[PDB]
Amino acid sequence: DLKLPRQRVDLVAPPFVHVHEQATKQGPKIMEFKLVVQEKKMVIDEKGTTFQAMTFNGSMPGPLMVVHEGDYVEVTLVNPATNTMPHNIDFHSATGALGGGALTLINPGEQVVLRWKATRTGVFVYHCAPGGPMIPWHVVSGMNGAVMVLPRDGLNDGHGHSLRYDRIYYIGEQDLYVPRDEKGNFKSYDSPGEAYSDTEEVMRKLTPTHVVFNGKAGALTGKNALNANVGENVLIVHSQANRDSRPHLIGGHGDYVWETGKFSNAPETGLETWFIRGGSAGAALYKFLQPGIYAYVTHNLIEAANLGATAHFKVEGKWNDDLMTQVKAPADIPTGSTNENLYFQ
C-alpha cells in the first residue's frame, strides 16, 4: 500500500559517503539499501595485531546511509551462511521494535527486509543487537555504523541561514577489547566464538586496548589521509556506538557543531573540542583556512597517540600569514636574556 518511487542506493566504504543531494525538491521516496554481515579476521593496529571482527558490509564502521526527512528506508539485511552467529540491526533513527532489532534477527543463511520512516533529522548510530550480552559483544566487535537524515532543505545554522558542505567524511570510532596473554602480548583466535570468553573479561573492565578510526590504527594517516582544500566547508560525521569520544581538529575548529547530532537543534559555533556520547553520532562543519597537515583526534591524547585514534587531513592551498606566522625561527637563547629573574624561578 505504500505507493512511493523506489530508489536503490549503492553504499561505499567509509570514510567516503555515497552520493546524495543536500537540499532536494524531490518528494519522499523508498530508499533501498542492502547490508551484508561479514564476520572475518581483521588487522587493527600498526604492529599487525589481528582481531575477530564482525561487520556490516566488511568495514568498521559500517557504511554511512544518507536519506532525507520523510523518506522511508527499506533495508535488506543479509546474514550469509559463511557466518557463524545470528545478527540483527537497530537504527537509532527509527521508531519502534527496539529500533528494528526485534524485527530483523536472522540466522546464517537468512535475510530480512525492514522498512522505517525517517521522521527524525540528524546523524544516528545503527548497530547489531541480538539480545543480552551479545549486544555489547557484537557492537564492540565492529557491528555499528551511522545513518544521516538530512532536512529536505539541507543543513542550516539554526539562525535561518543555509549551510552547504563541499565535502563529507564519516569517521567511525571503535573501542576494541583484545585479550592479552600472561606476557602482555595480544592473543589471536580462530573464530569469534573462540575469542568470546577472554574478550568479555576485557570488556568487563571497561578499558579498551585500542581506539581506532575506520577500523585500524593508522587507517586514515599516511597514504589514506583525508583530502581537502583551503576554502572548502567539510562536514565530519563522527559516531561511537558504545563509548564516549571528544573529537578535535588539531589546527582547526568546529565552525558549526551538532555534538548531540540532531539537526532540529541549532549547532554551537567555534568549538575547540566536542563530545560524542557513546551510543550516538554527531557532526561538525569546518571551513579550512590554512593548508597543511591536520590531525583529527579524540582529545584523550593517550587514546589518540597510543591506542590508535588519530586521522590526518592533508589540505592544499596557500598559507595565510595573517592568521599565523613564525615570526622568528628556532634560534639559540640570546646570551643577554634574563630568564633567571622570572617570577616562577
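Rigid core: the largest C-alpha set superposing within 1.5 Å between the two forms. Don't overthink the numbering: it's just position in the shown sequence, from 1.
**Student:** Taking RMS over all structures and residues, which stretch has CA atoms farther from the shown form in 9 other deposited structures of this protein, 21 to 29 or 330 to 338, after a rigid core fit?
**Tutor:** Greater root mean square C-alpha distance in 9 other deposited structures of this protein: 330 to 338.
**Student:** Mean CA B-factor: is it higher for 22 to 30 or for 38 to 46?
**Tutor:** Stretch with the greater average CA B-factor: 22 to 30.
**Student:** Test of understanding: from the entry's C-alpha B-factors, which stretch has the higher mean, 240 to 248 or 181 to 189?
**Tutor:** The entry gives the higher C-alpha B-factor average to 181 to 189.
**Student:** Given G145, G131, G231, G270, identify the residue with the highest C-alpha B factor in the PDB entry.
**Tutor:** Highest CA B-factor of the listed options: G131.
**Student:** Per the coordinate record, which of the options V211, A81, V123, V139 holds the highest CA temperature factor?
**Tutor:** The record points to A81.
**Student:** Select lowest, middle or highest to describe the third in which the CA B-factor of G70 falls within its chain in this entry.
**Tutor:** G70: CA B-factor falls in the highest third of its chain.
**Student:** Consider only the C-alpha atoms of the modelled residues in this chain, order them by B-factor as the entry records it, and name the third containing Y196: lowest, middle or highest.
**Tutor:** It belongs to the highest third of the chain when residues are ordered by C-alpha B-factor.
**Student:** Would you please rank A97 by its C-alpha temperature factor against the other modelled residues of its chain and give the third it falls in: lowest, middle or highest?
**Tutor:** According to the entry, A97 has a C-alpha B-factor in the chain's middle third.
**Student:** If you rank the chain by CA B-factor, which third does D166 end up in: lowest, middle or highest?
**Tutor:** Its C-alpha B-factor belongs to the middle third of this chain's values.
**Student:** Can you work out whether the C-alpha temperature factor of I293 puts it in the lowest, middle or highest third of the chain?
**Tutor:** According to the entry, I293 has a C-alpha B-factor in the chain's highest third.
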